Ligand SMILES: NC(=O)c1ccc[n+]([C@@H]2O[C@H](COP(=O)([O-])OP(=O)(O)OC[C@H]3O[C@@H](n4cnc5c(N)ncnc54)[C@H](O)[C@@H]3O)[C@@H](O)[C@H]2O)c1
Ligand SMILES: NC(=O)c1ccc[n+]([C@@H]2O[C@H](COP(=O)([O-])OP(=O)(O)OC[C@H]3O[C@@H](n4cnc5c(N)ncnc54)[C@H](O)[C@@H]3O)[C@@H](O)[C@H]2O)c1
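Protein chains in written order, with the working numbering: chain F, 4 to 332; chain S, 4 to 332.
Here's what the structure looks like:
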């Protein structure tokens with residue numbers, strides 16, 4: 004643990020392919036320059052035992068028909084069942100179940116802290132829990148929260164916490180979040196400001212995609228928007244994938260040509276089929292410890308961390324030694 | 004069968020709900036006025052043993068990932084797996100699978116003839132097989148086939164056969180149909196005239212959906228387009244549903260509020276789990292035998308059928324006896 008984990012991370016750093024090393028090098032540089040923006044989704048919140056969306060679709064399904072579905076719900080059944088419930092049963096009944104499920108208090112997993120350990124310029128989450136807001140407040144990093152159209156102009160600070168999928172701050176109702184099918188069908192007409200505010204950060208910042216699946220609605224919509232741009236014209240987003248099985252090569256080639264630079268979590272380490280907290284932690288600790296220069300051991304590498312900090316100080320003819328402990332950390 | 008079927012259909016009609024009776028009467032009136040259009044899907048081709056699309060999505064999966072998938076493909080897999088196989092293995096292999104799977108010759112089931120016996124003014128189909136074209140040709144009905152943009156202007160007849168999903172007439176290649184995921188995204192740009200033609204036919208005619216699942220992709224786009232329209236302004240399409248299990252009440256209310264009048268084939272008879280032909284023929288025979296006046300069993304209907312034919316002739320001073328045999332057929 005104390006020694007095992009420290010040795011394991013440094014050992015895994017030496018076996019990584021050049022692609023993962025380049026991805027980590029770019030992520031660390033973006034974080035140091037101050038242009039790193041995380042994109043948290045469902046998966047960084049379920050580590051805090053937050054309910055998954057299918058557990059509410061099942062409740063809607065068994066309150067409409069009478070029995071849970073015999074299988075896993077598809078992408079259409081995630082938006083169509085709650086819409087059938089809203090149309091048939093009504094709106095107050097649709098909000099009673101939301102109040103029952105989402106009126107819970109849960110802790111903040113360590114990942115929520117690690118995301119704040121890299122100093123992200125912004126944070127773009129597509130979930131409605133206040134776990135990330137609580138973590139940011141407790142760690143002392145003030146972030147202006149933007150969960151409504153009226154919040155875009157009234158931004159007190161410069162760092163954002165854009166919740167592009169609504170929020171339950173104003174109350175536990177379905178008019179503040181995007182859950183049904185018609186909510187997605189009218190997202191660009193009901194949220195015209197948070198769409199621009201999200202598409203601008205993606206184009207003028209480094210983006211990471213922790214906590215997301217590789218076939219989500221949001222990821223595919225973002226890739227559809229990205230394909231409408233020109234030749235390169237922007238930085239390809241990084242995608243931390245933490246699924247149990249290793250990613251197939253065909254599906255990796257298919258997605259790496261659409262913009263993603265995938266960093267699979269179940270390839271640097273071997274873990275159990277349910278140890279998700281130890282798959283997020285591998286990538287996050289790899290990035291954080293790459294920031295701290297722990298994974299630096301070579302003769303030519305010390306002539307880069309030394310030249311890369313002394314070379315700018317060449318126009319000056321004689322710099323003081325009292326502040327020379329500032330050009331280095 | 005031979006003689007019991009005539010009594011069984013009459014009993015079913017006598018034991019029908021009033022909504023289905025009204026739907027059948029309106030359908031018969033539309034057929035008699037020449038304003039009936041049939042929307043045929045990929046459920047009248049499987050009666051001819053035509054290869055279902057999930058077999059191609061299974062061959063693509065087997066050739067990509069080496070082994071078949073576990074379970075049943077969702078909506079996204081129906082459009083993404085073919086797209087991944089395209090982007091990875093090339094258009095040549097994509098079309099090689101298409102030619103090997105779709106270059107077959109199947110007969111025309113009795114439903115293709117019951118469809119034509121109702122005398123439709125148009126036929127809109129999302130399948131690519133030429134089964135409906137063969138059925139039209141082998142009965143003396145001339146329909147102008149329309150499966151590409153260049154065919155819209157070069158039409159010669161007034162009765163269209165609008166294949167709104169393409170056709171393999173000009174070669175068994177994937178560029179002549181809509182099968183992938185990017186084909187569906189760029190459909191309004193690649194088929195701007197066929198969409199307008201289909202929308203105009205839907206607006207100015209009576210539509211019956213036969214062969215489509217209720218949660219189909221195509222149906223849920225027409226249902227979204229038909230909501231952007233104003234108040235009533237048109238006629239709600241008829242949907243002939245022939246699934247093995249009866250439709251639930253909530254899902255019936257959900258789709259009847261979206262502008263659909265549903266005729267459930269699994270609620271008018273008692274068929275087996277795989278007796279799809281006996282359910283198609285149970286709803287396509289009620290309409291045809293209602294046209295033939297096999298259900299008139301009251302004096303208020305015999306003094307009305309005669310009156311609807313004879314009343315317009317009251318203007319004429321005297322009609323010949325060889326025209327009374329023309330007024331009635
Ligand atoms: N889809 C259904 O109807 C259904 C039915 C029964 C059970 N489940 C279970 O719900 C879980 C999520 O299913 P999904 O369809 O959203 O796949 P998903 O990959 O789209 O889930 C999103 C991401 O959540 C992340 N994550 C972090 N901790 C997790 C945890 N304990 N469990 C799951 N994900 C975690 C993962 O990185 C995952 O990629 C799965 O464990 C699944 O077995 C789903
Ligand atoms: N639903 C899936 O994703 C899936 C996946 C793998 C295999 N399958 C198999 O394919 C069959 C149909 O799958 P689908 O994707 O077309 O969904 P679906 O059942 O909704 O098919 C659409 C329509 O085909 C009509 N039809 C007429 N004859 C039919 C026949 N012999 N078999 C099936 N439908 C007939 C049905 O009335 C239906 O409305 C299923 O019975 C199953 O054995 C389905």
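Cβ atoms here follow ideal geometry from the backbone N, Cα and C, with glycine treated the same way.
Residues bridged to residue i [DSSP beta-bridge criterion]
i: residue 210 of chain F; result: F/40
i: residue 166 of chain F; result: F/128
i: residue 149 of chain S; result: S/165
i: residue 267 of chain F; result: F/244
i: residue 180 of chain S; result: S/169
Proximity of residue i and residue j at Cβ, strictly below 8 Å
i: residue 267 of chain S; j: residue 250 of chain S; result: yes
i: residue 119 of chain F; j: residue 147 of chain F; result: no
i: residue 243 of chain S; j: residue 180 of chain S; result: no
i: residue 316 of chain F; j: residue 330 of chain F; result: yes
i: residue 30 of chain S; j: residue 225 of chain S; result: no
i: residue 229 of chain F; j: residue 197 of chain F; result: no
i: residue 129 of chain F; j: residue 167 of chain F; result: yes
i: residue 78 of chain S; j: residue 79 of chain F; result: yes
i: residue 237 of chain S; j: residue 264 of chain S; result: no
i: residue 184 of chain S; j: residue 35 of chain S; result: no
i: residue 5 of chain S; j: residue 113 of chain S; result: no
i: residue 211 of chain F; j: residue 12 of chain F; result: no
i: residue 182 of chain F; j: residue 253 of chain S; result: no
Inter-residue spacing [alpha-carbon to alpha-carbon] between residue i and residue j
i: residue 15 of chain S; j: residue 47 of chain S; result: 23 Å
i: residue 44 of chain F; j: residue 201 of chain F; result: 14 Å
i: residue 327 of chain F; j: residue 312 of chain F; result: 10 Å
i: residue 101 of chain F; j: residue 150 of chain F; result: 17 Å
i: residue 54 of chain F; j: residue 275 of chain F; result: 22 Å
i: residue 59 of chain F; j: residue 98 of chain F; result: 11 Å
i: residue 153 of chain F; j: residue 204 of chain F; result: 19 Å
i: residue 111 of chain S; j: residue 74 of chain S; result: 31 Å
i: residue 162 of chain F; j: residue 50 of chain F; result: 25 Å
i: residue 123 of chain S; j: residue 332 of chain S; result: 19 Å
i: residue 95 of chain F; j: residue 177 of chain F; result: 9 Å
i: residue 140 of chain S; j: residue 199 of chain S; result: 26 Å
i: residue 232 of chain F; j: residue 270 of chain S; result: 51 Å
i: residue 52 of chain F; j: residue 132 of chain F; result: 11 Å
i: residue 9 of chain F; j: residue 293 of chain F; result: 12 Å
i: residue 309 of chain F; j: residue 32 of chain F; result: 16 Å
i: residue 145 of chain S; j: residue 234 of chain F; result: 49 Å
i: residue 304 of chain F; j: residue 288 of chain F; result: 21 Å
i: residue 137 of chain S; j: residue 127 of chain S; result: 15 Å
i: residue 307 of chain F; j: residue 296 of chain F; result: 12 Å
i: residue 159 of chain F; j: residue 219 of chain F; result: 32 Å
i: residue 63 of chain F; j: residue 258 of chain F; result: 33 Å
i: residue 2 of chain F; j: residue 143 of chain F; result: Absent from the structure is residue 2 of chain F, since the part of chain F shown begins at 4 and ends at 332.
i: residue 272 of chain S; j: residue 175 of chain F; result: 46 Å
i: residue 246 of chain F; j: residue 245 of chain S; result: 40 Å
i: residue 227 of chain S; j: residue 206 of chain S; result: 14 Å
i: residue 260 of chain S; j: residue 26 of chain S; result: 16 Å
Residue i beta carbon near ligand 3 (any heavy atom closer than 7 Å)
i: residue 225 of chain F; result: Absence of ligand 3 from the depicted structure is noted, with ligand 1 and ligand 2 being the only ligands included.
- Message: Counting beta carbon pairs with one atom in the region 160-179 of chain S and one in the region 98-117 of chain S, are three or more of them shorter than 8 Å?
- Response: yes
- Task: Inspect the CB distances between the region 20-33 of chain F and the region 185-195 of chain F and report whether three or more fall short of 8 Å.
- Result: no
- Query: With contact counted as at least three CB pairs below 8 Å, one residue from each stretch, are the region 293-300 of chain S and the region 262-281 of chain S in contact?
  - Reply: no
- Query: Taking contact to mean at least 3 C-beta pairs separated by less than 8 Å, is the region 70-90 of chain S in contact with the region 87-96 of chain F?
  - Reply: no
- Task: Please confirm if the region 210-223 of chain S is in contact with the region 31-44 of chain S, defined as three or more CB-CB distances below 8 Å between the two stretches.
- Result: yes
- Query: Which whole runs of the alpha helix (DSSP H) in the region 270-329 of chain F are 4 residues long or more, in chain order?
  - Reply: 280-294, 302-305, 310-313
- Message: At 3 residues or longer, what runs of the beta strand (DSSP E) sit wholly inside the region 32-113 of chain F?
- Response: 39-43
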